[PDB]
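Student:
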Amino acid sequence: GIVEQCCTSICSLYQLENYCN
Amino acid sequence: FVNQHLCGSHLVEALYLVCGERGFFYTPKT
Ligand SMILES: [Co+2]
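Sequence order for the protein chains is A and B. Under PDB author numbering, read the first sequence as residues 1 to 21, first letter to last. Under PDB author numbering, read the second sequence as residues 1 to 30, first letter to last.
Set out below in structure tokens:
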């Protein structure tokens, strides 16, 4: 998932925004 | 904004900055 992707690959702030409440 | 390579606690710092007041869920794989 996001956690893993940001660490093994890369991720954007826009992807991270999906985990906001 | 630039793309991110974020592991461990560095990810939840990023989540904190992105989301601010909104809060967030930190949901790693088991
Ligand atoms: Co470190």
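The C-beta atom is built at its ideal place from N, Cα and C for all residues, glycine as well.
What residues are listed by DSSP as bridge partners for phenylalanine 24/B?
Tutor: Here residue 24/B refers to the residue found at position 24 of the second sequence. DSSP lists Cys20/A as partners of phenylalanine 24/B.
Student: Hey, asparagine 21/A and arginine 22/B: beta-carbon distance below 8 angstroms or not?
Tutor: For the purposes of this step, residue 21/A is identified with residue 21 of the first sequence, where counting begins at 1. For the purposes of this step, residue 22/B is identified with residue 22 of the second sequence, where counting begins at 1. Yes; because the gap between Cβ atoms is below 8 angstroms, this pair is in contact.
Student: Under 8 angstroms Cβ-Cβ, which residues of chain A neighbour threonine 27/B?
Tutor: Reading the second sequence from its first residue, position 27 is the one you call residue 27/B. By Cβ distance, chain A contributes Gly1, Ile2, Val3 and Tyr19.
Student: Exposed or buried, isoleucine 10/A, counting other C-beta atoms within 10 Å across all chains shown (16 or more means buried)?
Tutor: Stepping through the first sequence from its first residue, residue 10/A is reached at position 10. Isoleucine 10/A should be labelled exposed.
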